[PDB]
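*Asks:* Please read through the structure below; I'll follow up with questions.
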Amino acid sequence: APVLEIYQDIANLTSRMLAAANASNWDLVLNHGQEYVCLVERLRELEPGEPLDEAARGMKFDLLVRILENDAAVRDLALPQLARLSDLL
Amino acid sequence: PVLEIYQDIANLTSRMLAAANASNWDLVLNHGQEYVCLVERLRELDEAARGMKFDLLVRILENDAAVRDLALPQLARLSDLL
């Protein structure tokens, strides 16, 4: 199904964001957010419904766990550096 | 159901957005423990229910992005100084 295509793309994009965050390329991470918002809008046009196939349910669930884990991992790379540097100024 | 989890992750992300707005990065970071725990608790539906879940998801997705959009330009410009 096609809505599975957008979850995949968001997972791929969030993995790219993670790679940038890993390299401390904050501006790239932000630049990836532009696509991210596009992808969420497109997601929003397909969803919700109609129900999903059991096979395609566990796949989306996985994709989500991955998107959320990526989102958490970006924050967990960036924020300790932000906190630290903020403390200084 | 699994809506509970989704609800809890959405709510938490709202508290993180509120903290972010206030520049309390430590507090954003402390809730991040709670998020991850809820996310891993996930690794583990009628139409009204799927509309509900989908709504929560969009909110979580928007919230993560809203926090990055606050946090990262500050970080970009502070690493550059230092």
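Each chain in the structure tokens gets a letter, A, B, ..., in the order shown, and its residues are numbered from 1; ligands are numbered from 1 in order too.
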Restrict the calculation to only C-alpha atoms, then for each residue of chain B with any atom at most 7 Å from an atom of chain A give the closest atom pair and their distance in Å to one decimal, rows by chain and rising residue number, as a Markdown table.
*Replies:*
| residue | atom | partner | partner_atom | distance |
| --- | --- | --- | --- | --- |
| B:25 | CA | A:83 | CA | 5.5 |
| B:26 | CA | A:83 | CA | 6.3 |
| B:29 | CA | A:79 | CA | 6.7 |
| B:32 | CA | A:72 | CA | 7.0 |
| B:36 | CA | A:72 | CA | 6.9 |
| B:39 | CA | A:65 | CA | 6.7 |
| B:50 | CA | A:48 | CA | 6.6 |
| B:51 | CA | A:48 | CA | 5.8 |
| B:54 | CA | A:48 | CA | 6.4 |
| B:64 | CA | A:71 | CA | 6.7 |
| B:69 | CA | A:30 | CA | 7.0 |
| B:72 | CA | A:26 | CA | 5.9 |
| B:75 | CA | A:82 | CA | 5.4 |
| B:76 | CA | A:26 | CA | 5.6 |
| B:78 | CA | A:85 | CA | 6.7 |
*Asks:* Find the residues near residue 6 in chain A: any atom within 8 Å, counting only C-alpha atoms, skip ones fewer than 2 places away on the same chain, and give them as a list in words.
*Replies:* residues 2, 3, 4, 8, 9, 10, 39, 42 and 43 of chain A
*Asks:* Mind listing the helix (DSSP H, G or I) residues of range 9-59 of chain A, per DSSP on the backbone, as a ChimeraX atom specification?
*Replies:* /A:9-22,26-46,55-59
*Asks:* Kindly save the residues from that selection, with N, CA, C and O atoms included, as a compact mmCIF listing (two decimals), in the first residue's frame.
*Replies:*
# COMPACT_ATOMS: atom_id res chain seq x y z
N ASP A 9 9.85 6.66 3.92
CA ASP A 9 10.58 7.87 3.58
C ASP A 9 10.92 8.71 4.78
O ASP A 9 11.98 9.34 4.79
N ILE A 10 10.01 8.78 5.75
CA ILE A 10 10.24 9.53 7.01
C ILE A 10 11.27 8.83 7.89
O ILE A 10 12.12 9.49 8.52
N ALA A 11 11.18 7.51 7.96
CA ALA A 11 12.21 6.73 8.59
C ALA A 11 13.55 6.99 7.89
O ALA A 11 14.56 7.20 8.54
N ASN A 12 13.57 7.03 6.57
CA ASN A 12 14.88 7.19 5.90
C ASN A 12 15.43 8.57 6.20
O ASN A 12 16.62 8.73 6.54
N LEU A 13 14.55 9.56 6.13
CA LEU A 13 14.91 10.93 6.40
C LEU A 13 15.39 11.12 7.83
O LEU A 13 16.39 11.76 8.04
N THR A 14 14.69 10.52 8.79
CA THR A 14 15.08 10.64 10.21
C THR A 14 16.42 9.95 10.48
O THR A 14 17.15 10.38 11.37
N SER A 15 16.74 8.92 9.68
CA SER A 15 18.05 8.27 9.76
C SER A 15 19.16 9.19 9.21
O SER A 15 20.28 9.26 9.76
N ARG A 16 18.87 9.90 8.12
CA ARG A 16 19.78 10.95 7.65
C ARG A 16 19.94 12.03 8.72
O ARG A 16 21.05 12.51 8.97
N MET A 17 18.85 12.40 9.40
CA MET A 17 19.00 13.45 10.42
C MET A 17 19.94 12.97 11.50
O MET A 17 20.79 13.72 11.97
N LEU A 18 19.74 11.72 11.90
CA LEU A 18 20.63 11.07 12.90
C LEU A 18 22.11 11.08 12.49
O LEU A 18 22.93 11.39 13.32
N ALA A 19 22.42 10.75 11.24
CA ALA A 19 23.79 10.83 10.74
C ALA A 19 24.40 12.25 10.83
O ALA A 19 25.52 12.40 11.28
N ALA A 20 23.68 13.28 10.40
CA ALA A 20 24.10 14.66 10.62
C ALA A 20 24.31 15.02 12.10
O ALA A 20 25.29 15.67 12.46
N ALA A 21 23.35 14.71 12.94
CA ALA A 21 23.48 14.93 14.39
C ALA A 21 24.74 14.24 14.95
O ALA A 21 25.49 14.80 15.75
N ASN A 22 24.94 13.01 14.55
CA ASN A 22 26.15 12.30 14.85
C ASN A 22 27.45 13.10 14.52
O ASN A 22 28.44 12.98 15.24
N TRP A 26 24.46 20.55 12.78
CA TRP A 26 23.17 21.00 13.24
C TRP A 26 22.38 21.61 12.10
O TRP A 26 21.22 21.32 11.97
N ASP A 27 23.06 22.31 11.22
CA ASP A 27 22.40 23.02 10.10
C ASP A 27 21.87 22.09 9.02
O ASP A 27 20.85 22.38 8.39
N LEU A 28 22.53 20.96 8.84
CA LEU A 28 22.05 19.92 7.98
C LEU A 28 20.83 19.29 8.61
O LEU A 28 19.77 19.13 7.95
N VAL A 29 20.91 18.98 9.90
CA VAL A 29 19.77 18.36 10.58
C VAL A 29 18.55 19.23 10.34
O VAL A 29 17.49 18.72 9.95
N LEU A 30 18.70 20.55 10.55
CA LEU A 30 17.62 21.51 10.31
C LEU A 30 17.18 21.53 8.85
O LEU A 30 16.01 21.68 8.55
N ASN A 31 18.14 21.45 7.94
CA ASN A 31 17.79 21.47 6.54
C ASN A 31 16.94 20.24 6.17
O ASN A 31 16.02 20.36 5.38
N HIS A 32 17.25 19.09 6.78
CA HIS A 32 16.44 17.85 6.60
C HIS A 32 15.00 18.02 7.11
O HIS A 32 14.09 17.37 6.63
N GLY A 33 14.81 18.87 8.11
CA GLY A 33 13.48 19.18 8.59
C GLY A 33 12.55 19.77 7.54
O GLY A 33 11.32 19.71 7.69
N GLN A 34 13.11 20.34 6.48
CA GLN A 34 12.23 20.91 5.44
C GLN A 34 11.47 19.82 4.70
O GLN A 34 10.25 19.86 4.55
N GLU A 35 12.21 18.80 4.28
CA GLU A 35 11.63 17.62 3.67
C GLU A 35 10.67 16.96 4.66
O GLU A 35 9.57 16.56 4.29
N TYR A 36 11.08 16.90 5.92
CA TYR A 36 10.33 16.23 6.99
C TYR A 36 8.91 16.72 7.07
O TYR A 36 8.00 15.94 7.21
N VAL A 37 8.73 18.03 6.96
CA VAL A 37 7.41 18.66 7.09
C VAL A 37 6.55 18.42 5.86
O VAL A 37 5.32 18.28 5.94
N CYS A 38 7.21 18.34 4.72
CA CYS A 38 6.58 17.94 3.46
C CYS A 38 5.96 16.56 3.56
O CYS A 38 4.85 16.32 3.12
N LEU A 39 6.77 15.66 4.13
CA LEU A 39 6.49 14.24 4.22
C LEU A 39 5.34 14.00 5.21
O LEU A 39 4.49 13.14 4.99
N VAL A 40 5.31 14.79 6.28
CA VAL A 40 4.25 14.71 7.27
C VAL A 40 2.94 15.24 6.69
O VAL A 40 1.92 14.63 6.90
N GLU A 41 2.99 16.32 5.93
CA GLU A 41 1.81 16.82 5.24
C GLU A 41 1.24 15.73 4.32
O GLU A 41 0.02 15.45 4.35
N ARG A 42 2.12 15.09 3.54
CA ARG A 42 1.67 14.10 2.55
C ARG A 42 1.07 12.91 3.27
O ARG A 42 0.06 12.38 2.85
N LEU A 43 1.70 12.53 4.36
CA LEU A 43 1.18 11.52 5.26
C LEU A 43 -0.21 11.90 5.71
O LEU A 43 -1.09 11.06 5.80
N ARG A 44 -0.38 13.17 6.01
CA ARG A 44 -1.62 13.64 6.57
C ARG A 44 -2.81 13.59 5.57
O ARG A 44 -3.98 13.45 5.97
N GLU A 45 -2.50 13.63 4.28
CA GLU A 45 -3.51 13.53 3.21
C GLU A 45 -4.01 12.07 3.01
O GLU A 45 -5.20 11.87 2.83
N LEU A 46 -3.12 11.09 3.09
CA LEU A 46 -3.48 9.64 3.02
C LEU A 46 -4.14 9.08 4.31
O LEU A 46 -4.93 8.12 4.27
N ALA A 55 0.10 -7.87 8.05
CA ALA A 55 1.47 -7.83 7.54
C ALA A 55 1.95 -6.38 7.47
O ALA A 55 3.04 -6.05 7.96
N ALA A 56 1.13 -5.53 6.86
CA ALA A 56 1.43 -4.11 6.74
C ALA A 56 1.21 -3.30 8.04
O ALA A 56 1.54 -2.13 8.08
N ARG A 57 0.64 -3.91 9.08
CA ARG A 57 0.45 -3.26 10.39
C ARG A 57 1.76 -3.31 11.18
O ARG A 57 2.27 -2.28 11.63
N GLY A 58 2.31 -4.51 11.31
CA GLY A 58 3.59 -4.72 11.97
C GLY A 58 4.74 -3.98 11.32
O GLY A 58 5.69 -3.62 12.00
N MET A 59 4.66 -3.76 10.00
CA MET A 59 5.67 -3.01 9.27
C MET A 59 5.65 -1.51 9.63
O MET A 59 6.69 -0.88 9.81
*Asks:* Set the distance at 8 Å and use only C-alpha atoms: which residues neighbour residue 20 in chain B once local chain neighbours fewer than 5 positions away are removed? I'd like the list as number ranges by chain.
*Replies:* B: 25, 28, 67, 70-71
*Asks:* May I have the residues from that selection written out with N, CA, C and O atoms, as a short mmCIF file (atom, residue, chain, number, x, y, z; two decimals), in the first residue's frame?
*Replies:*
data_model
loop_
_atom_site.label_atom_id
_atom_site.label_comp_id
_atom_site.auth_asym_id
_atom_site.auth_seq_id
_atom_site.Cartn_x
_atom_site.Cartn_y
_atom_site.Cartn_z
N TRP B 25 16.95 23.14 28.67
CA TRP B 25 17.40 21.94 27.93
C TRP B 25 17.59 20.70 28.77
O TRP B 25 17.35 19.58 28.28
N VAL B 28 14.24 19.24 29.21
CA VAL B 28 13.92 18.52 27.95
C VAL B 28 14.68 17.17 27.96
O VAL B 28 14.12 16.12 27.70
N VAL B 67 10.67 21.15 18.71
CA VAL B 67 11.82 21.24 19.62
C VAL B 67 13.14 21.39 18.84
O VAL B 67 13.94 22.26 19.16
N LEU B 70 13.55 24.95 17.64
CA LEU B 70 13.98 25.86 18.71
C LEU B 70 15.44 25.60 19.06
O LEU B 70 16.23 26.52 19.05
N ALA B 71 15.79 24.36 19.36
CA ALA B 71 17.11 24.01 19.94
C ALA B 71 18.30 24.19 19.01
O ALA B 71 19.36 24.68 19.44
#
*Asks:* Taking 6 positions as the minimum chain separation for residues in the same chain, which residues sit within 12 Å of residue 9 in chain B when counting only C-alpha atoms? Answer as a PyMOL selection string.
*Replies:* (chain A and resi 65+68+72) or (chain B and resi 2-3+15-16+31-42+53+56-61+63-64)
*Asks:* Nearest to residue 45 in chain B: which of B:19, B:7, B:30, B:1 is it, counting only C-alpha atoms?
*Replies:*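 Residue with the minimum atom-to-atom distance to residue 45 in chain B: B:1.
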